[PDB]
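The residues making up each chain are set out below.
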Amino acid sequence: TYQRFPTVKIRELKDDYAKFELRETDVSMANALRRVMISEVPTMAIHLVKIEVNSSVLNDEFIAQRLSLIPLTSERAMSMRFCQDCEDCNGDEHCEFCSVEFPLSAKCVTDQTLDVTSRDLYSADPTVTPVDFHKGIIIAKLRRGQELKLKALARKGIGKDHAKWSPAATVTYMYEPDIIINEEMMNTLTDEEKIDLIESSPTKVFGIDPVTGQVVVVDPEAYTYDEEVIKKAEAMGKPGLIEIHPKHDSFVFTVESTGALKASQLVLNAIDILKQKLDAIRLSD
Amino acid sequence: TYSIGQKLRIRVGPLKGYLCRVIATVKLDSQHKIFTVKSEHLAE
Amino acid sequence: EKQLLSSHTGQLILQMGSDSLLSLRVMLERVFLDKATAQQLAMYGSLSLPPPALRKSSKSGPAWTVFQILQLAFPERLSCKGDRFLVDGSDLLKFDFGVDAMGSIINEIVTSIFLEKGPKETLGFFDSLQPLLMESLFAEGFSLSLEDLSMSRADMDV
Amino acid sequence: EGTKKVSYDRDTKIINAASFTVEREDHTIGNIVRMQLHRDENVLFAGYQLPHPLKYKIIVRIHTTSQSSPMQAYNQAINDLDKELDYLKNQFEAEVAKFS
Amino acid sequence: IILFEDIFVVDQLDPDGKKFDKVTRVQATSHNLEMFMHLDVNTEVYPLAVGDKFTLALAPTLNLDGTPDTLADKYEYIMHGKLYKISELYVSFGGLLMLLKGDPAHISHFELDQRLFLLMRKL
Amino acid sequence: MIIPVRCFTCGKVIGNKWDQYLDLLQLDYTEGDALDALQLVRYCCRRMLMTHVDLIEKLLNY
Ligand SMILES: [Zn+2]
Ligand SMILES: [Zn+2]
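Cut-offs applied
Residues numbered from 1 in each chain as written, not as in the entry; some residues may be left out. Chains lettered and ligands numbered in written order. Part of a larger assembly, values for the part shown. Heavy atoms only, no water. Residues with missing side-chain atoms left out of burial classes, pairs and counts. Helix = DSSP H or I, 4+ residues; strand = E, 2+ residues; numbered from the N terminus. Rg over C-alpha atoms; globule rule 2.2 N^0.38 Å. Contact = heavy atoms within 4.5 Å. Axes fitted to C-alpha atoms, helices over the stretch in contact; angles between N-to-C directions. Parallel < 35°, antiparallel > 145°, perpendicular 65-115°, else oblique. Nonpolar A, V, L, I, M, F, W, Y, C, P; charged D, E, K, R; others polar. Salt bridge = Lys/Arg side-chain N within 4 Å of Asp/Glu carboxyl O. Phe/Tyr/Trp six-rings, centres within 6.5 Å; stacked < 30°, edge-to-face > 60°. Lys NZ or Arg CZ within 6 Å of the ring centre and 35° of its normal. Pairing = 2+ DSSP bridges.

Novice: Could you give an account of the overall build of chain E, with specific residues and numbers?
Specialist: From N to C terminus, chain E includes 0 helices and 8 strands. What you see in chain E, going N to C, is helices and strands ordered as β-β-β-β-β-β-β-β. For 123 residues, the compact-globule estimate of 2.2 N^0.38 gives 14 Å, and the C-alpha radius of gyration of chain E, at 14 Å, lies within 12% of that figure.

Rendered as structure tokens:
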């Protein structure tokens, strides 16, 4: 009987960015989306390296770490199976279901040094690849005669176990602002005072009129909720010339992704896993 | 069953696919934990 | 439960903590709370809170106060009578506010609670009051910026 | 483990109040539920607590009027929330399409 | 159901301030009754000027005769407290003190340690 | 040490950019008129580049 009815309205979308504007819901929903995106939407990334000839200057466990953090395309992530489940395997090598292996090999045999980048990781499922963006993520540098040869086993995980496996470079929201200027107290101020009210705003929300020379909010979106314009007013005397307070439905969310999962399908994928969560806590009867 | 010094694999568990070496009671290739597990949980 | 009375100073050795005092001060600064906030703090209490302080108003509905939260944090039955606070069955009557007298007041309160019932009741009261206060502050936040260390050039010349 | 994810324990002293323990959940679930339990007339008190900050378990307490039992409300909320999400999914999907 | 009814006029403000971040202990006097009453009220939500007229009522229960808390909706302001000292009336609404100087005849029906309510309305 | 793969605060992937920092800097770009054109905009991320000591060039030579 009681049920909110949220309503989205996207403003920019790309494969990495997305700025949608939810209206009509409680913050407790948006926070939940944030939180779950940051740390449940699953992704696939490397999780057991096995090295056979390191000759480089960097030790083995600094090659491992570095490898894991590399972002690996994982559209298939939600359909795999956390290894700890899959009982179709001993946990080694490709298992269509749970793991995908990535051999890498390099040895410098010239003079000028060879950057073992990431475009040199080759895989065997042609789905899980490394994400391409213009040259890739140096994993080591090798000088003549030095060699690296490794075989790795990717797996699927949730970013609450390590952040190798987390698909977001910051998701965040801003209670959209509501600004009301008293417009008659603001007639009291002399021109100068105004132009020292304008320019006490850290960002730029406010702005003078060409003509009437009145403060005219000119971008409500950019108001970090500092208290500066307000407190300058108090000091100038006139209190409450400007009062600015959160609207407490409208949010403006901004998701950005590591590239593993497109932005779109990060959000949709969150909503989906939330449902699957909720629908496990029903107490039946 | 097996013998001292063998290289086996942890089939099922939180530590799956890890390779380990059987001190007597297996020991992992690069971590300091000495775990003990039955034969059903170990593979070549 | 036996070394509470100090053989050196005579008062309870379980003195006040920095975070505890800070949270209590920033909580007493705002006498009235919201509905969801009040319910979320009581959760860490011991018993429920049937009666609300502020029933109906112009814009606010059921609004509680920090006094009832301290009451539900207090033991079941107690009678302090320390010339400044009265309690009768987990029902605080008055609570004075000052600059530093709150610490002495709560010290007298805990000493009376210890001498009346026992040490276990005081231990339970502390174990029920500490996480509640830690949670109260956490929502609010406290920090010091560069504005707090203001030179006030006029006062500087003075 | 297999202990039921959700468990119910009636509170003896106060009628129409009970506590539910949900294992393996945290503030993502608790805050969403709490705020919808507070959208209901019948419910009187609602909150969640983590028993210790380091253990993943939440305990949720609901006190309700005579008109509804605690269990009814809890279940109602979840159902309601789910239905909300579906509205959003549908909405989002519509928009992405439009953008393209 | 109402045990007491009286109209009070704002006589004086004890703290002599408006936004001192504390509850104001307003002092009022009765009309044609010669009774002085002190009360702590939240001024940020309920504005009160100097020398204002407002109605005040006492009620043990809001609904009909029976269990406390049909409901009185005429009073926009409400408080919950408990009387603790019959002798001058001394009642605190969960920390907010209230003092009365009424004659004993008009407040003879009050019992010790009872649950009461404070209904207030700005005429 | 070699540029870390991902910023340690927000997890952006910056480990792709070292070279184009340096290059741009070897034109005439104030750091920060460059770190902008590499499009890093939060300051958790403009740290990790402005404050990295390379140390692999050397470790290779010796
Ligand atoms: Zn498998
Ligand atoms: Zn960052």
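Novice: I'd love a proper account of the overall build of chain C, names of residues and values included.
Specialist: In terms of helices and strands, chain C carries 6 helices and 0 strands. Of the regular secondary structure in chain C, the N- to C-terminal order runs α-α-α-α-α-α. For chain C, the spread of C-alpha atoms along the principal axes amounts to about 55 × 50 × 30 Å. Put simply, 59% of the contacts in chain C that link residues at least 6 apart link residues at least 24 apart.

Novice: Can you explain the packing of helix 1 (residues 27-37) of chain D against helix 2 (residues 70-99) of chain D? Please cite residues and give values.
Specialist: All names here are of chain D. Direction vectors running N to C along helix 1 and helix 2 enclose 105 degrees, while the axes themselves pass 9 Å from each other. For the element pair helix 1 / helix 2, the angle class is roughly perpendicular. Along the contact surface, helix 1 presents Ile32, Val33, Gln36 and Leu37, while helix 2 presents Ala73, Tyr74, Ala77, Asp80, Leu81 and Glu84.

Novice: How would you explain the interface of chain D and chain A if you had to name every residue and give the values?
Specialist: Taken together, the contact pairs 33 residues of chain D with 32 residues of chain A. Ranked by residues supplied to the side of chain D that touches chain A, first place goes to helix 2 of chain D with 20 residues. Classifying every residue of the side of chain D that touches chain A gives 14 nonpolar, 7 polar and 12 charged.

Novice: Describe the pattern of salt bridges, with residues and values.
Specialist: All names here are of chain A. Between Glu176 and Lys247 there is a salt bridge, with its nearest N and O atoms 3.7 Å apart. Taken together, the residues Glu176 in the loop between strand 8 (172-173) and strand 9 (177-181) and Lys247 in the loop between strand 10 (242-246) and strand 11 (253-256) connect sequence positions 71 residues apart. Residue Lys247 pairs with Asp178 through a salt bridge whose shortest N-O separation is 3.7 Å. Taken as a pair, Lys247 in the loop between strand 10 and strand 11 and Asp178 in strand 9 lie far apart in primary sequence, 69 residues in all.

Novice: Break down the packing of aromatic side chains for me, with residues and values.
Specialist: Measuring from centroid to centroid gives 5.4 Å for A:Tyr175 and A:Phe251, while their planes differ by 85 degrees, and the two rings are edge-to-face. Placement of A:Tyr175 in the loop between strand 8 and strand 9 and of A:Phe251 in the loop between strand 10 and strand 11 is noted, with a sequence separation of 76 residues between them. Ring centres of C:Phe67 and C:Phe97 lie 5.9 Å apart, and the angle between their planes is 65 degrees; this geometry places the pair in the edge-to-face category. In this pair, C:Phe67 sits in helix 3 (residues 66-73) while C:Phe97 sits in the loop between helix 3 and helix 4 (101-116), placing the two residues 30 residues apart along the sequence. Members of the aromatic cluster, connected to one another through ring pairs, are A:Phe20, A:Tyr173, A:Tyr175, A:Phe251, A:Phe253 and D:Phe92. Of note, A:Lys164 hangs over the ring of A:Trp165, and the distance from its end group to the ring centre comes to 4.2 Å. Its end group placed over the ring of E:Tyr90, E:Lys85 keeps NZ or CZ at 4.7 Å from the ring centre.

Novice: Requested: an account of the interface of chain E and chain C, with residues and values cited.
Specialist: Counting residues at the interface gives 23 residues for chain E, matched by 19 residues for chain C. Residue assignment for the side of chain E that touches chain C shows that the elements contributing at least two residues are strand 5 (77-85), strand 7 (96-100) and strand 8 (115-121) of chain E. The greatest single-element share of the side of chain E that touches chain C, amounting to 5 residues, is contributed by strand 5 of chain E. Here the side of chain E that touches chain C is built from residues that sort into 13 nonpolar, 4 polar and 6 charged.

Novice: Which residues make up the sheet that holds strand 2 (residues 17-23) of chain D, and what are the values?
Specialist: All names here are of chain D. Strand order in the open sheet formed by 4 strands is 1-2-4-3, with antiparallel pairing between adjacent strands. Every other strand in the sheet has two partners, leaving strand 1 (6-10) and strand 3 (43-49) as the edge strands with one partner each. The sheet shows a mean angle of 15 degrees between the axes of neighbouring strands, taken without regard to direction. In this sheet, strand 2 lies alongside strand 1 in antiparallel orientation, the contact comprising 5 bridges. The residue of strand 2 that forms the bridge with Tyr8 is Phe20. Its contacts with the sheet place helix 2 against strand 1, strand 2, strand 3 and strand 4 (57-64), and it is angled at close to 45 degrees to strand 2.

Novice: Which residues make up unusual backbone geometry, and what values go with them?
Specialist: Even without being a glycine, B:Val22 presents a positive backbone phi close to 65 degrees. With respect to the helices and strands, B:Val22 occurs in the loop between strand 2 (19-20) and strand 3 (26-27).

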